[PDB]
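Here you get one chain, nothing else, as structure tokens; it is the form deposited in one PDB entry.
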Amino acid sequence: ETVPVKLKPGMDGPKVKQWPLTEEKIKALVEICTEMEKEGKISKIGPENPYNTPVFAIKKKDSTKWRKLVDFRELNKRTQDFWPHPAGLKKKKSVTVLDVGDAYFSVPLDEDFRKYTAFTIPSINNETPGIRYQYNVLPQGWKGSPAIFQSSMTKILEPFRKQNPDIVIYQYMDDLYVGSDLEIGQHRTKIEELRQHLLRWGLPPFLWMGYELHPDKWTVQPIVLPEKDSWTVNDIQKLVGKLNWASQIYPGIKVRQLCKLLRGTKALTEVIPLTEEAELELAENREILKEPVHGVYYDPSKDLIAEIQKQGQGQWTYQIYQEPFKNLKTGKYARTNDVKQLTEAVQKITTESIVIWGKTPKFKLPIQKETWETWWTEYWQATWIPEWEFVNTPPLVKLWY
């Protein structure tokens, strides 16, 4: 029996374009889809289907096996809502991530919706029509699948849940976050127990290297000020600028005394001794910055935004906020090439957004689209895909982090 699903009222199906893939990826995609065809998971479609979703081939961590990744971003957006997050999970010591996508492959998709799951394996230099298909079963990556498989899912989990209540389990799209605080040795073993307990029902790889996220250790990178021996006119000016900026967040920041040191068109390199007044003013500014601005609460009904700044030498800076300057979180990331790092970053950041709020953020990437579109699939490993847009990182925002 198939649960009748519908697109939000009025909304038609997606007709997204397919970005040019590399022969190798096309091959992977063909090998895969042909087997999924044999297994009745998908079926070829005709020209009467004008819709299309982009597919991609990514690489599994610790496997020679490729993974088909469908960008149902647009579809999920035109897909009706369905009618929660364990705030405790973010507190666990170890969160391991499992890919339970194959779960869905054993559940038919409402015949009428199938047409919307249309996708295409492009062909090189347009020498052939391209291979068109649509799903018959629940498709991995579609927001719908988790929902519909929700029931059949809770069943499967209720035993372990009661058997190991010291363990928190969260499902998101094709991912399942298993958390605890047990000794690493134990954590890993109990995990494996779940794997086999999942097999007991039916077709689960370790996402993220089968390694553990340690959310407990996640911490907010506060703003920091240059602590130096001697202070030159330039140092001060930079200092003041930075403070001035930070002021809009922490309005308790005073510069009056530091600016006084800067009276008179002096020489950048001239060393300026600080008056005790300013000395104390700085000290206060420093303490004020020691922690995030109070009053920043997460709104479940607002989009989670995530901007990244390139700092150079394998170093990057990010911030998760819903309202400008009202950062719910900020962090750093160190190494690879710009792109690899960058993707690795986005994925780290996303995973957290999920773990913490259960929602993927919407990134603002410091890169040229054509570029990203070209290499991202080369390092991407998650099963989901965040919403993203490309931008131009302002010179100063970078200097302030």
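So that there is no doubt, residue numbering starts at 1 and follows the sequence shown. Under this definition, the rigid core comprises the largest set of C-alpha atoms superposing within 1.5 Å between the forms.
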{"property": "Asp62 dropped in a third or more of the other entries", "result": "yes"}
{"property": "Cross-entry absence of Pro204, a third or more of other PDB entries", "result": "yes"}
{"property": "Deposited-sequence gap flanked by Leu203 and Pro204", "result": "10 or more"}
{"property": "Stretch with the greater mean C-alpha B-factor as recorded in the entry, comparing 265-273 against 114-122", "result": "265-273"}
{"property": "Stretch exceeding the other in mean C-alpha B-factor - 21-29, 383-391", "result": "383-391"}
{"property": "Maximum C-alpha temperature factor, selected from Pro108, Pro129, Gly144, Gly88", "result": "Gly88"}
{"property": "C-alpha B-factor winner, where the candidates are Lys38, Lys68, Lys362, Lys60", "result": "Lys60"}
{"property": "Chain third (lowest, middle, highest) by recorded CA B-factor, residue given as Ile236", "result": "lowest"}
{"property": "Third of the chain, ranked by Cα B-factor, where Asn244 sits", "result": "middle"}
{"property": "B-factor third for the C-alpha atom of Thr34 within its chain", "result": "lowest"}
{"property": "Third assignment of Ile156 from its chain's C-alpha B-factors", "result": "highest"}
{"property": "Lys44 - which third its CA temperature factor falls in, relative to the rest of the chain", "result": "lowest"}
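As for the form deposited in another entry, it is not shown, yet the points below apply to it.
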| query | finding |
| --- | --- |
| Rigid core superposition between this form and the one not shown: residue from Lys326, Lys115, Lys91, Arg286 with Cα shift of 2 Å or more | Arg286 |
| Core-superposed comparison between this form and the one not shown, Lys254 Cα displacement 2 Å or beyond | yes |
